[PDB]
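Visitor: Just the starting chains for now, same placement as in the complex:
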Amino acid sequence: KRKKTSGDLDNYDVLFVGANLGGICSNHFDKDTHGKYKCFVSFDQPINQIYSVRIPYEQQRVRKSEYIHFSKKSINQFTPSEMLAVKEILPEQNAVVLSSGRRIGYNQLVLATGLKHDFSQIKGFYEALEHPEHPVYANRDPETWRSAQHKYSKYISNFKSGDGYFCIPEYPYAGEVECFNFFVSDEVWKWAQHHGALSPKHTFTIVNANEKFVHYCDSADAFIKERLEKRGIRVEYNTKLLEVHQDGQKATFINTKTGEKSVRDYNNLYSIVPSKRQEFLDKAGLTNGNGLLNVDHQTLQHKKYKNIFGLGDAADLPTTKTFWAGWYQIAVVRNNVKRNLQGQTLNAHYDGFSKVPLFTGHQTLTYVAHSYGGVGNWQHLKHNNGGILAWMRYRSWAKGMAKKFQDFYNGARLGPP
Amino acid sequence: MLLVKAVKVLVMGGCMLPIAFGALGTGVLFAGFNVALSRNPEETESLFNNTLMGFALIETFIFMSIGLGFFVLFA
Amino acid sequence: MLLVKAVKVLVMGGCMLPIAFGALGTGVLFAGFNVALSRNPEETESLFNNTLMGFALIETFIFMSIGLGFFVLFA
Amino acid sequence: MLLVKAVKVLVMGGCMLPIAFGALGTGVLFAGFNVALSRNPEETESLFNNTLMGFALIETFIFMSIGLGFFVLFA
Amino acid sequence: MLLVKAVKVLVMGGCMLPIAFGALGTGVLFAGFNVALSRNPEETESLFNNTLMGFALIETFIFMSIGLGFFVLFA
Amino acid sequence: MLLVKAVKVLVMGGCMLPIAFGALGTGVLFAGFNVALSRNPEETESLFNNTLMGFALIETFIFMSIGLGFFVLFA
Amino acid sequence: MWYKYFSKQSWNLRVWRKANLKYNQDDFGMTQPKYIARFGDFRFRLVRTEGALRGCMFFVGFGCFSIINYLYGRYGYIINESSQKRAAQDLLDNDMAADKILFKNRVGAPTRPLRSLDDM
Amino acid sequence: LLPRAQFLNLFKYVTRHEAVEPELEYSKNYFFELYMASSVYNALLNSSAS
Amino acid sequence: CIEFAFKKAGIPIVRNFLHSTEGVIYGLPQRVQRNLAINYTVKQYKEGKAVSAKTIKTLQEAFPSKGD
Amino acid sequence: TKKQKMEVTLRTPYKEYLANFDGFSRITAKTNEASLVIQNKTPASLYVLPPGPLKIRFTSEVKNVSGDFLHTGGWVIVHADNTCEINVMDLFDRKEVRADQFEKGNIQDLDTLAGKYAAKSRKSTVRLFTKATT
């Protein structure tokens, strides 16, 4: 019946930059308008790892097929796609130039470039993460690993002895609460000390470059720091990982507060991949300070260049950069963008809702729900100390969530509401 | 009562029907995996993975049937 | 009572249905293994390995039902 | 009592169901042997040795059914 | 006796099921022998012997059923 | 008694099952013979003889079935 | 010079106590799942291998099955005797109701059970 | 021109152009002759004309 | 058969076409007959060791085979 | 990336008949297994044609060619860019068949494993050519 729109055009009326969240919006943007518009999508990476199930994945509760998804799947068939990153953006002309060089015009622009991982911020990190034996671990799997490599699942298991370091980069970074696995490791490593699998002379410290774990929610961060001390874990703030030596297992840390760098032997190193601001967004005069998009906190519309929007992680929003937060940010963009093409007003406001689970134990978790003002809902930090209630919620997220991201990309299942 | 009870255990037996088709369905899947391998054995790991995956989906139905069985046997 | 028992023994007989499909399912898997072998007899090892592995899953369902049979027969 | 006996014998008849499928599975297995043989007769021995092996497993289930057959008929 | 004898003779009718599948397995086997013969007629006698040979494995189940048939028909 | 006679005539009907499978088996046999002839028409006479021969084996099951039927119908 | 004639191709395995130590138990078997709890971890920690564990549970299973089968014979009436007395009188109540509504011919044979639904 | 051994190992990877009328085991060796004879036949003409 | 002629025997495709036309060379016009001709010389190269004349072209002379 | 409707090339080591032609509508030949038909949009594939007949339909009559030939053997390749090339050892028309001139001294063969297939093929082509004339 309907024919697939053309991709070999000079300009469009809507343009999405991103496939993880920029694809879910496009697929949602068409069904809301019934395909009255021709929209183009342009991502950079071919694969989208489901970081929302990263911890169940490290527990091998989620197979590699249910954790690895291609970017094409998120985008529908009607809308064309091309894996070329934007080389520059000219809001004054309402156009976008790609790496190849083909100028493309637009009427409304949606940016979902999020936070780009930069392994080069830490010398020798990627080369040690790719080694199938070295005890250096990270938050995502490199693209060189095949289906037979399961090094990701050996961070907690293969910690027989030595000094362990869980490093957190400088904010802004991706995976604030959905990649914190220092509560499950403690429970698993508490058993190893009981029957001798883990040497008694070991050291585990959390190297947090930032001053607080959760920046836009004081209730959650206060709970974390409260629980970390109750467990007996040590932390070091203002310190960020700088270099990793794969030969002698040396980790170079630096205290940004004092500027004093040190070298520490490691035997099990985990780090959340650090992000990096993209210059093409700063050269166009769109980001503000840190490098995030300067957009409205309610409508997500950019301050200047009203024809441009922004959501996901690249947006500067006083909230936790989660995925469920994206579910409420795509429903707003598809609404406002629908109103800009019709000249109508923008009646869609984003409340700042964000929902991400915090794994408090090997098989227990609690949801970190909070709005813009850090105010939590009925689910905020409930059944946190374990129990039958937290046990069931854990199984619902590990054994029943990865099977849902297939529909989200297909379109069979939309957001929560 | 006993009549409805007789049908309950009777349905419980019917669950062995997919078990039969699951056996036949497995032979066909692996028979193709063999032929698919002799054609181009360069993709052992690939074809092999795709094989077991499909088989896993089959056991889903098999377990689903048995689950339906005990359920209807007591509900 | 007596009839429910009569149905139980009958359900036990129904277990011989996968036994039938397992024979056909086996002949098919070994039929392709022959052809798959003649097409590329150099790779006897890999193909042959996949045959028995597939056979295992096939017979696995066979005895699974037999277990289910005696279960319903006494439970 | 007399009823379950009439059912016991009735189940024993069902044991001839795999006896039927085993015949069909054979014609299919031997058909693949001929085509596989016509394809590459130089490797007959290998193709052949695998044939009887498969068939051995085929009628094994057939005998297995007869076992359960007489069991339920007398147990 | 007469009641069980009625189901006995009925079970004996079940033995005519392999008689059906044995015919189909035959039609399929000779089909493979013919098509396989065309592709490589150089080994006609070889294929021919294996054809009838395979058929012998078909009437195996046939006689087995009839034997098992008359047996339970009187045992 | 009277029912034993009724099941006997009922079994006699069961003999029409191989008559059904023999028809399908025959069509399949000639289906392959057609394609087989097109592959190597130089030996049409050889393929043809093998075609009817296989069919003769099919009618064996047929005569075997009705024979059993008329027997059980009168014995 | 026996090591001169030793073939290093036997280093493919490291056999110790009838087990190869170069076995990827982290990717295959009952030991692959990393979501195992405190009990399952302490169980594998003791035996170090699923092949040895399965071997011992093979015999320990018959012990438990043969024991619970005895306790259910000796004991058991403590929890099921009520359901047996229930089905006893129930089996007599329905029998007594059958004789009331059933066609008995000149001999005591229910020759017309299909007379109606209640008779069936 | 690459030798026979290198040609066969390279030809087996052929999957875009189907070869089922003659099976790949036969086609690989046949088209090798065409690949080799074509160059030889062309070379002789150029040299003979020169 | 072109396939088995190469499998069970080292008969190249070109030699097969030659043997194929061998029986029909006279039926074909003289234009084609002059094309089906192979005559050259092969020497094992010392001053005068060997001088082989390749003229048969159908047997194990130009295109050797396993059967020969 | 892609090519126009189609292009066919029929070449022979001693003469080139069609360097590139687009008027033809369909091609049919006989392979070892069965007869095939190659026309526009035919997917990529390789073929090897024994010494059989080759018939090709022309939308516009081409000079000096009849459209019906008997080749002694050739290779066929259908490139990815919707292009098929026919290369045969030699080509001629049926009108120049000159039947009944076969078996004129080349009947003698050698009893070997290779001579067996040699005679086998020679007989197969004879029966083919005899039918091709009809």
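Guide: That came through, no problem. Numbers count the residues shown, from 1 in each chain, chains lettered A, B, ... in the order given.

Visitor: Strands of chain J, start to end?
Guide: In order along the chain, chain J carries the following strands (DSSP state E): J:7-12, J:15-21, J:24-30, J:35-38, J:45-49, J:53-58, J:68-70, J:74-79, J:83-88.

Visitor: helices or strands up against the last one?
Guide: In terms of contacts (3 or more CB pairs under 8 Å, 6 or more residues apart in numbering or on different chains; DSSP states H and E), strand J:83-88 is packed against strand J:7-12, strand J:74-79. For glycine as for every other residue, the C-beta is placed from the backbone atoms N, C-alpha and C.

Visitor: residue with max distance from the center of chain J?
Guide: residue J:111 (29.9 Å; CA atoms, centre = their mean).

Visitor: What of chain I?
Guide: Of all residues in chain I, the one whose C-alpha sits farthest from the chain's mean C-alpha position, using CA atoms, centre = their mean, is residue I:47 at 27.8 Å.

Visitor: Let me know the secondary structure of that one.
Guide: Residue I:47 carries the three-state label coil when classified by DSSP: H, G, I helix; E, B strand; the rest coil.

Visitor: From chain A, how far out is it?
Guide: 61 Å (CB to the nearest CB, to the nearest Å).

Visitor: repeat for residue G:32
Guide: Applying CB to the nearest CB, the value for residue G:32 to chain A is 7 Å.

Visitor: what's near enough to touch that residue?
Guide: Under the criterion of CB atoms under 8 Å, 6 or more residues apart in numbering or on different chains, the neighbours of residue G:32 are A:60, G:25-26.

Visitor: isn't residue G:44 right next to residue G:52, touching?
Guide: No. Residue G:44 is beyond contact range of residue G:52, at 9.9 Å (criterion: CB atoms under 8 Å).

Visitor: and chain K, same structure:
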Amino acid sequence: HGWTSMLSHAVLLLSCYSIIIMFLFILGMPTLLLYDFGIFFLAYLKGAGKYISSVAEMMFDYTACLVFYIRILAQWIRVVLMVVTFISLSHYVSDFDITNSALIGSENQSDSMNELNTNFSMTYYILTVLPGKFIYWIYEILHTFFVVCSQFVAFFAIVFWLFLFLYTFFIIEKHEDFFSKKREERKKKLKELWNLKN
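Guide: Take a look at chain K, now in place beside the chains above:
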């Protein structure tokens, strides 16, 4: 068994014991094979488990151990066919027709010789009925030969040959290779004698 006819009151004594010996020692062959594997015997049969539950695998391991024996015991039904098929032939031969009409100068005058003996069978007896009895005879014996010859092979080819091909093997790796190098050195020591062509 002919040479054992006078050794006892049962001509088939040595045969009735051997079928039992043949059964018990074949029954112990798999049991001794598991003892040889050791405590890991279940991995030798089924391989690596799938579920973390030991109770779950416990059931899948009982099946593999049962199947391990069923492959053996289920083959004794082949011996039942060979016996049943052999007895049916003896029953047909021992009950085959023999009368005074085939005897030369019979003295059994009381065995239907002086009685009126008609029948209700087809006439032309030696052309119609008597051949048919021989036709069935040829079927009983051809069906017997084909059965006993076939079930005999399938029994030993499955109980011993195939059974041991599945659960046993030989390694290709070696631990010591000192014959290969000693033969080379020895061949240089005898180089002069070989030059004389022995």
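
Visitor: in stretch A:160-178, what counts as buried?
Guide: By neighbour count with 16 or more other CB atoms under 10 Å in any protein chain shown, stretch A:160-178 contains the buried residues A:162-169, A:171-178.

Visitor: follow-up on the earlier one: and the residue farthest from the centre of chain J, how close does it get to residue I:67?
Guide: Residue J:111 sits at a distance of 10 Å from residue I:67 (criterion: CB to CB, to the nearest Å).

Visitor: Identify the farthest-apart pair in the buried residues of stretch A:160-178.
Guide: Set against one another by CB to CB, the buried residues of stretch A:160-178 have their most distant pair in A:162 and A:172, with a gap of 31.0 Å.

Visitor: centroid residue for chain H?
Guide: In chain H, the residue lying closest to the centroid (CA atoms, centre = their mean) is residue H:32, at 2.5 Å.

Visitor: residues touching it, list them.
Guide: Counting by CB under 8 Å, 6+ apart, residue H:32 touches H:4, H:7-8, H:11.

Visitor: try 7 Å this time
Guide: Residue H:32 makes contact with H:4, H:7 under the criterion CB atoms under 7 Å, 6 or more residues apart in numbering or on different chains.

Visitor: Now the residue minimising distance to the centre of chain K: closest residue in space, sequence neighbours ignored.
Guide: Nearest to the centroid of the C-alpha atoms of chain K, with distances taken as CA atoms, centre = their mean, sits residue K:152, at 3.2 Å. In space, residue K:152 comes closest to residue K:82 once its chain neighbours are excluded; the distance is 7.0 Å by CB to CB, 6 or more residues apart in numbering or on different chains.

Visitor: I'd say that neighbour and residue K:149 touch.
Guide: No. Using CB atoms under 7 Å as the test, residue K:82 is too far from residue K:149 to be in contact (9.3 Å).
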